[PDB]
Amino acid sequence: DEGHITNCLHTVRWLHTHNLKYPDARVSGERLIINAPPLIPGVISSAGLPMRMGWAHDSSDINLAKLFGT
DNA sequence: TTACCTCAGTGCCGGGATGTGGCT
């Protein structure tokens with residue numbers, strides 16, 4: 001089903017490393033993809049963690065995004 | 001406009017004076 005897979009391929013455009021909408025769903029615009037900052041000895045942060053991505057956009061997609069973003 | 005999607009002491013006080021240490 002090229003249509004089902006096409007709808008799934010489209011979700012890739014909004015995979016991100018950092019989520020600009022987290023505290024408030026009203027924020028509108030582009031995604032953010034950045035490598036973790038250099039480690040600071042006195043601070044707990046993403047600097048000590050491996051690279052991972054997530055997904056946010058329409059409520060409807062949830063299932064269709066799972067093929068490539070898992 | 002709509003559909004979607006989450007697990008005998010003592011204590012101050014004045015005042016003139018003895019003596020001293022640094023500069024020339």
# chains A, B, ... in the order shown; residues from 1 in each chain; ligands from 1
>>> interface_residues(of="chain B", to="chain A", cutoff="9 Å", atoms="only C-alpha atoms (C1' of nucleotides)", output="number ranges by chain")
B: 4-6
>>> write_last_selection(atoms="C-alpha atoms (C1' of nucleotides)", output="PDB file, in the first residue's frame")
ATOM      1  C1'  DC B   4      -9.175  12.212  14.828  1.00  0.00           C
ATOM      2  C1'  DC B   5      -6.384  10.701  18.519  1.00  0.00           C
ATOM      3  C1'  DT B   6      -4.242   9.055  23.934  1.00  0.00           C
TER       4       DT B   6
END
>>> residues_around(residues="residue A:49", least_positions_apart="3", cutoff="12 Å", atoms="only C-alpha atoms (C1' of nucleotides)", output="NGL selection string")
:A and (17 or 35-39 or 44-46 or 52)
>>> write_last_selection(atoms="N, CA, C and O atoms", output="short mmCIF file (atom, residue, chain, number, x, y, z; two decimals), in the first residue's frame")
data_model
loop_
_atom_site.label_atom_id
_atom_site.label_comp_id
_atom_site.auth_asym_id
_atom_site.auth_seq_id
_atom_site.Cartn_x
_atom_site.Cartn_y
_atom_site.Cartn_z
N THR A 17 15.43 16.28 18.14
CA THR A 17 16.30 15.86 19.28
C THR A 17 15.83 16.61 20.53
O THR A 17 15.97 16.07 21.65
N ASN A 35 23.34 18.37 18.15
CA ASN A 35 24.21 17.46 18.90
C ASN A 35 24.39 17.99 20.33
O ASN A 35 24.49 19.21 20.51
N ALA A 36 24.43 17.12 21.33
CA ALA A 36 24.51 17.49 22.74
C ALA A 36 25.74 18.38 23.05
O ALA A 36 26.84 18.10 22.55
N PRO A 37 25.60 19.45 23.86
CA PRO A 37 26.70 20.33 24.22
C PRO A 37 27.86 19.58 24.90
O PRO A 37 27.64 18.52 25.49
N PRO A 38 29.10 20.11 24.87
CA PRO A 38 30.23 19.54 25.61
C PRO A 38 29.92 19.41 27.11
O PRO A 38 29.29 20.28 27.71
N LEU A 39 30.40 18.33 27.74
CA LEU A 39 30.19 18.08 29.17
C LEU A 39 30.87 19.13 30.05
O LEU A 39 32.06 19.41 29.92
N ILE A 44 24.55 18.26 35.34
CA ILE A 44 23.82 17.14 34.75
C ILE A 44 23.05 17.65 33.52
O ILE A 44 22.27 18.58 33.63
N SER A 45 23.24 17.04 32.36
CA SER A 45 22.67 17.46 31.08
C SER A 45 22.68 16.31 30.07
O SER A 45 23.13 15.20 30.38
N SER A 46 22.22 16.54 28.84
CA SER A 46 22.27 15.52 27.78
C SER A 46 23.69 15.22 27.25
O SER A 46 23.85 14.27 26.50
N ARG A 52 19.44 10.24 20.34
CA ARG A 52 18.06 9.70 20.14
C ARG A 52 17.11 10.76 19.56
O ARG A 52 17.30 11.93 19.87
#
>>> select_by_dssp(residues="chain A", states="helix (DSSP H, G or I)", output="ChimeraX atom specification")
/A:2-14,46-48,66-69
>>> atom_distance(atom1="atom CA of residue A:3", atom2="atom CA of residue A:56")
20.9 Å
>>> atom_distance(atom1="atom CA of residue A:70", atom2="atom CA of residue A:28")
24.1 Å
>>> select_by_dssp(residues="chain A", states="strand (DSSP E or B)", output="ChimeraX atom specification")
/A:15-16,18,32,54-55
>>> atom_distance(atom1="atom CA of residue A:10", atom2="atom CA of residue A:55")
11.7 Å
>>> residues_around(residues="residue A:11", least_positions_apart="2", cutoff="9 Å", atoms="only C-alpha atoms (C1' of nucleotides)", output="PyMOL selection string")
chain A and resi 7-9+13-15+55-57+61+64-65+68-69
>>> write_last_selection(atoms="C-alpha atoms", output="compact mmCIF listing (two decimals), in the first residue's frame")
# COMPACT_ATOMS: atom_id res chain seq x y z
CA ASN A 7 1.75 8.80 4.81
CA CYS A 8 4.38 7.10 7.09
CA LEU A 9 7.38 8.51 5.08
CA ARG A 13 10.04 15.54 8.26
CA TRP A 14 9.27 16.41 11.98
CA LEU A 15 11.64 13.98 13.89
CA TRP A 55 8.08 12.92 17.02
CA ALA A 56 5.47 15.76 17.41
CA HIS A 57 2.87 17.34 14.98
CA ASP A 61 -0.49 10.59 13.15
CA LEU A 64 1.88 6.12 11.23
CA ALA A 65 5.03 7.77 12.79
CA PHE A 68 10.44 5.04 11.01
CA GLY A 69 10.80 6.85 14.40
>>> decode(residues="stretch 34-64 of chain A", atoms="N, CA, C and O atoms", output="short mmCIF file (atom, residue, chain, number, x, y, z; two decimals), in the first residue's frame")
data_model
loop_
_atom_site.label_atom_id
_atom_site.label_comp_id
_atom_site.auth_asym_id
_atom_site.auth_seq_id
_atom_site.Cartn_x
_atom_site.Cartn_y
_atom_site.Cartn_z
N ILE A 34 20.00 19.13 17.15
CA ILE A 34 21.31 19.62 17.61
C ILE A 34 22.05 18.53 18.40
O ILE A 34 21.47 17.86 19.25
N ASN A 35 23.34 18.37 18.15
CA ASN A 35 24.21 17.46 18.90
C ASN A 35 24.39 17.99 20.33
O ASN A 35 24.49 19.21 20.51
N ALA A 36 24.43 17.12 21.33
CA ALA A 36 24.51 17.49 22.74
C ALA A 36 25.74 18.38 23.05
O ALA A 36 26.84 18.10 22.55
N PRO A 37 25.60 19.45 23.86
CA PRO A 37 26.70 20.33 24.22
C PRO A 37 27.86 19.58 24.90
O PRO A 37 27.64 18.52 25.49
N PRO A 38 29.10 20.11 24.87
CA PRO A 38 30.23 19.54 25.61
C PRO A 38 29.92 19.41 27.11
O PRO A 38 29.29 20.28 27.71
N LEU A 39 30.40 18.33 27.74
CA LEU A 39 30.19 18.08 29.17
C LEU A 39 30.87 19.13 30.05
O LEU A 39 32.06 19.41 29.92
N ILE A 40 30.11 19.65 31.02
CA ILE A 40 30.57 20.56 32.08
C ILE A 40 30.69 19.71 33.35
O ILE A 40 29.68 19.12 33.75
N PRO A 41 31.86 19.58 34.01
CA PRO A 41 31.99 18.71 35.18
C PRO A 41 30.94 18.90 36.28
O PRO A 41 30.56 17.94 36.94
N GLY A 42 30.46 20.12 36.51
CA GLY A 42 29.51 20.42 37.58
C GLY A 42 28.02 20.41 37.22
O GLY A 42 27.21 20.83 38.04
N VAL A 43 27.63 19.97 36.02
CA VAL A 43 26.24 20.01 35.53
C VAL A 43 25.76 18.68 34.95
O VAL A 43 26.43 18.06 34.13
N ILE A 44 24.55 18.26 35.34
CA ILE A 44 23.82 17.14 34.75
C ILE A 44 23.05 17.65 33.52
O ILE A 44 22.27 18.58 33.63
N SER A 45 23.24 17.04 32.36
CA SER A 45 22.67 17.46 31.08
C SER A 45 22.68 16.31 30.07
O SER A 45 23.13 15.20 30.38
N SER A 46 22.22 16.54 28.84
CA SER A 46 22.27 15.52 27.78
C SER A 46 23.69 15.22 27.25
O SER A 46 23.85 14.27 26.50
N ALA A 47 24.72 15.97 27.66
CA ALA A 47 26.09 15.82 27.18
C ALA A 47 26.66 14.40 27.36
O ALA A 47 27.44 13.93 26.54
N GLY A 48 26.24 13.69 28.42
CA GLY A 48 26.70 12.34 28.74
C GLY A 48 25.85 11.21 28.15
O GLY A 48 26.09 10.05 28.48
N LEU A 49 24.84 11.52 27.33
CA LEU A 49 23.90 10.55 26.77
C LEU A 49 24.11 10.33 25.27
O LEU A 49 24.52 11.24 24.56
N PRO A 50 23.82 9.12 24.77
CA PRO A 50 23.81 8.84 23.34
C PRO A 50 22.71 9.50 22.52
O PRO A 50 21.59 9.69 23.01
N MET A 51 22.93 9.67 21.21
CA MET A 51 21.94 10.27 20.26
C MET A 51 20.58 9.59 20.05
O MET A 51 20.62 8.44 19.57
N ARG A 52 19.44 10.24 20.34
CA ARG A 52 18.06 9.70 20.14
C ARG A 52 17.11 10.76 19.56
O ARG A 52 17.30 11.93 19.87
N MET A 53 16.10 10.35 18.78
CA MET A 53 15.06 11.26 18.20
C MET A 53 13.64 10.82 18.59
O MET A 53 13.44 9.62 18.80
N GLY A 54 12.71 11.79 18.59
CA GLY A 54 11.26 11.67 18.85
C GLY A 54 10.37 12.35 17.82
O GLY A 54 10.92 12.97 16.89
N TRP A 55 9.04 12.25 17.95
CA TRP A 55 8.08 12.92 17.02
C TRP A 55 6.87 13.71 17.53
O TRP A 55 6.32 13.29 18.56
N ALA A 56 6.62 14.94 17.02
CA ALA A 56 5.47 15.76 17.41
C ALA A 56 4.93 16.61 16.24
O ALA A 56 5.72 17.29 15.60
N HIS A 57 3.61 16.64 16.06
CA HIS A 57 2.87 17.34 14.98
C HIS A 57 1.35 17.15 15.25
O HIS A 57 0.87 17.58 16.29
N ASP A 58 0.60 16.55 14.33
CA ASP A 58 -0.83 16.31 14.40
C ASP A 58 -1.21 15.27 15.42
O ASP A 58 -0.49 14.33 15.65
N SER A 59 -2.37 15.38 16.01
CA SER A 59 -2.79 14.33 16.93
C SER A 59 -2.99 13.01 16.18
O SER A 59 -2.58 11.96 16.64
N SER A 60 -3.54 13.09 14.97
CA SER A 60 -3.88 11.94 14.15
C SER A 60 -2.77 10.98 13.80
O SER A 60 -3.00 9.78 13.72
N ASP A 61 -1.57 11.47 13.56
CA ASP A 61 -0.49 10.59 13.15
C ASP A 61 0.04 9.45 14.03
O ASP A 61 0.30 8.40 13.50
N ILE A 62 0.20 9.68 15.33
CA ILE A 62 0.73 8.72 16.32
C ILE A 62 1.21 7.30 15.93
O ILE A 62 2.33 6.92 16.25
N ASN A 63 0.34 6.55 15.27
CA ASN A 63 0.56 5.17 14.77
C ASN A 63 1.48 5.19 13.53
O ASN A 63 2.49 4.46 13.54
N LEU A 64 1.14 5.99 12.52
CA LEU A 64 1.88 6.12 11.23
C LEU A 64 3.35 6.52 11.43
O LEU A 64 4.20 5.98 10.68
#
